[PDB]
Amino acid sequence: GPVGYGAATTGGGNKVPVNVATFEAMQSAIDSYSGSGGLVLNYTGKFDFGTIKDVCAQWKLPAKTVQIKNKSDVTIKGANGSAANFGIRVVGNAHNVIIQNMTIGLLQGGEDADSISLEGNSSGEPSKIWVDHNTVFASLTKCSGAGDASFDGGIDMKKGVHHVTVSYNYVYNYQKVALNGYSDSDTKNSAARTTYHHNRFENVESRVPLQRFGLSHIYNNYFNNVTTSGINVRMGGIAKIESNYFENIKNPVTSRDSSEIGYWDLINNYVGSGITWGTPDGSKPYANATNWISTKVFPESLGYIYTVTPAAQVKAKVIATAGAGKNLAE
């Protein structure tokens with residue numbers, strides 16, 4: 001089950017799964033749902049990614065996104081071998097949601113190509129979310145005319161989404177991995193409480209995660225070939241960064257590009273070879289954890305029990321267990 005801030009998440013629980021073979025069948029089942037009591041969706045579709053002949057075709061097409069809006073007690077689970085060319089959004093007064101074993105790739109929409117996105121709005125803020133054992137991939141290619149946005153966020157939350165575990169996910173060939181707070185004015189995000197653990201982040205550019213405000217616990221994650229920046233903590237946010245495995249990563253632990261810096265509590269991190277550092281372009285304040293020194297003590301109890309993989313073993317453990325098609329191995 002979930003470990004960390006999303007530990008109370010049960011989603012649809014033991015309800016008999018509803019088999020959904022398509023994007024539209026999934027949305028339809030969500031729309032018909034009363035909104036609480038439990039819904040379990042078994043996604044069986046097998047999108048053939050080889051039908052996408054040009055990575056740069058995607059950004060100009062409209063997004064394909066399943067919405068869970070103001071509905072609670074939901075499990076979206078990919079069957080073994082299932083693959084989606086659509087993303088998933090949880091928005092508003094929506095609670096107790098599991099998104100699990102989905103393979104989400106090369107989405108249409110550009111700046112609108114969000115893979116898994118959790119968002120507060122005027123109606124409420126999502127909580128008790130477990131994003132677990134998914135594989136999310138796109139391309140690092142910067143398409144002609146696309147601006148900064150040939151693809152969009154991998155596993156994103158904003159506007160006060162709270163109590164969430166992001167675990168055992170595999171994110172690769174992805175420019176912008178994980179947003180947490182969408183801008184420096186997203187002050188509702190001080191409520192955010194996120195555990196990121198046992199994720200595999202490989203061949204990615206930045207936002208691993210980009211944290212604005214709130215509290216996070218980032219542990220037992222494996223980072224490799226992260227080319228711009230890794231954990232970026234901003235706007236008074238505090239991250240307990242514990243027993244991760246870092247290699248071939250630029251700016252692995254940083255605070256940059258916000259009007260105000262964020263802080264970190266560092267313990268037992270495995271720091272391998274290929275660590276580089278850079279100074280950000282611009283005027284805003286910044287900090288690079290070059291000597292791996294804590295800038296703040298994590299200010300409160302996590303309020304949950306967790307088992308730590310020895311840091312040096314995290315690479316092998318994460319490679320073995322992270323992503324879809326792994327039978328949810330832990």
# chains A, B, ... in the order shown; residues from 1 in each chain; ligands from 1
>>> closest_atom_pairs(of="stretch 109-220 of chain A", to="stretch 284-308 of chain A", cutoff="12 Å", atoms="only C-alpha atoms", output="tab-separated table")
residue	atom	partner	partner_atom	distance
A:163	CA	A:302	CA	10.9
A:165	CA	A:304	CA	11.8
A:193	CA	A:302	CA	9.2
A:194	CA	A:302	CA	10.1
A:195	CA	A:302	CA	9.6
A:196	CA	A:306	CA	11.9
A:197	CA	A:308	CA	9.5
A:198	CA	A:308	CA	9.6
A:214	CA	A:299	CA	11.1
A:215	CA	A:298	CA	8.3
A:216	CA	A:298	CA	9.1
A:217	CA	A:302	CA	8.2
A:218	CA	A:308	CA	11.3
A:219	CA	A:308	CA	7.8
A:220	CA	A:308	CA	6.9
>>> select_by_dssp(residues="stretch 172-327 of chain A", states="strand (DSSP E or B)", output="ChimeraX atom specification")
/A:172-176,179-180,193-197,200-206,210-212,215-219,222-226,231-234,238-242,245-250,253-255,261,263-267,270-271,275-276,287-288
>>> closest_atom_pairs(of="stretch 15-110 of chain A", to="stretch 130-142 of chain A", cutoff="8 Å", atoms="only C-alpha atoms", output="JSON lines")
{"residue": "A:55", "atom": "CA", "partner": "A:139", "partner_atom": "CA", "distance": 7.1}
{"residue": "A:56", "atom": "CA", "partner": "A:141", "partner_atom": "CA", "distance": 7.9}
{"residue": "A:96", "atom": "CA", "partner": "A:130", "partner_atom": "CA", "distance": 8.0}
{"residue": "A:97", "atom": "CA", "partner": "A:130", "partner_atom": "CA", "distance": 6.3}
{"residue": "A:98", "atom": "CA", "partner": "A:130", "partner_atom": "CA", "distance": 4.8}
{"residue": "A:99", "atom": "CA", "partner": "A:131", "partner_atom": "CA", "distance": 4.9}
{"residue": "A:100", "atom": "CA", "partner": "A:132", "partner_atom": "CA", "distance": 4.8}
{"residue": "A:101", "atom": "CA", "partner": "A:134", "partner_atom": "CA", "distance": 4.7}
{"residue": "A:102", "atom": "CA", "partner": "A:134", "partner_atom": "CA", "distance": 4.8}
{"residue": "A:103", "atom": "CA", "partner": "A:135", "partner_atom": "CA", "distance": 4.7}
{"residue": "A:104", "atom": "CA", "partner": "A:136", "partner_atom": "CA", "distance": 4.8}
{"residue": "A:105", "atom": "CA", "partner": "A:137", "partner_atom": "CA", "distance": 4.8}
{"residue": "A:106", "atom": "CA", "partner": "A:138", "partner_atom": "CA", "distance": 4.4}
{"residue": "A:107", "atom": "CA", "partner": "A:138", "partner_atom": "CA", "distance": 7.2}
>>> write_last_selection(atoms="C-alpha atoms", output="PDB file, in the first residue's frame")
ATOM      1  CA  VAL A  55       7.601  13.376 -32.048  1.00  0.00           C
ATOM      2  CA  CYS A  56       7.018  16.978 -33.229  1.00  0.00           C
ATOM      3  CA  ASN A  96      -8.787   9.458  -2.245  1.00  0.00           C
ATOM      4  CA  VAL A  97      -7.457   8.692  -5.717  1.00  0.00           C
ATOM      5  CA  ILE A  98      -5.055   6.016  -6.902  1.00  0.00           C
ATOM      6  CA  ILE A  99      -3.366   6.235 -10.301  1.00  0.00           C
ATOM      7  CA  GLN A 100      -1.321   3.085 -10.767  1.00  0.00           C
ATOM      8  CA  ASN A 101       0.468   0.886 -13.367  1.00  0.00           C
ATOM      9  CA  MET A 102      -0.208   3.303 -16.244  1.00  0.00           C
ATOM     10  CA  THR A 103       2.199   3.682 -19.148  1.00  0.00           C
ATOM     11  CA  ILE A 104       1.709   7.234 -20.420  1.00  0.00           C
ATOM     12  CA  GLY A 105       3.712   8.369 -23.460  1.00  0.00           C
ATOM     13  CA  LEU A 106       4.233  11.067 -26.089  1.00  0.00           C
ATOM     14  CA  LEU A 107       1.044  13.003 -25.318  1.00  0.00           C
TER      15      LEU A 107
END
>>> atom_distance(atom1="atom CA of residue A:168", atom2="atom CA of residue A:242")
15.6 Å
>>> closest_residue(among="A:233, A:249, A:155, A:179", to="residue A:277", atoms="only C-alpha atoms")
A:249
>>> closest_residue(among="A:327, A:68, A:207, A:184", to="residue A:260", atoms="only C-alpha atoms")
A:184
>>> residues_around(residues="residue A:243", least_positions_apart="2", cutoff="7 Å", atoms="only C-alpha atoms", output="number ranges by chain")
A: 219-220, 245, 267-270, 310-311
>>> select_by_dssp(residues="stretch 102-234 of chain A", states="helix (DSSP H, G or I)", output="VMD selection string")
chain A and resid 110 to 112 187 to 191
>>> closest_residue(among="A:324, A:84, A:30, A:52", to="residue A:70", atoms="only C-alpha atoms")
A:30
>>> closest_residue(among="A:259, A:115, A:75, A:321", to="residue A:170", atoms="only C-alpha atoms")
A:321
>>> closest_residue(among="A:86, A:182, A:33, A:246", to="residue A:314", atoms="only C-alpha atoms")
A:246
>>> closest_residue(among="A:275, A:113, A:191, A:118", to="residue A:93", atoms="only C-alpha atoms")
A:118
>>> residues_around(residues="residue A:23", least_positions_apart="4", cutoff="12 Å", atoms="only C-alpha atoms", output="PyMOL selection string")
chain A and resi 19+27-30+41-47+63-67+76+83-88+104
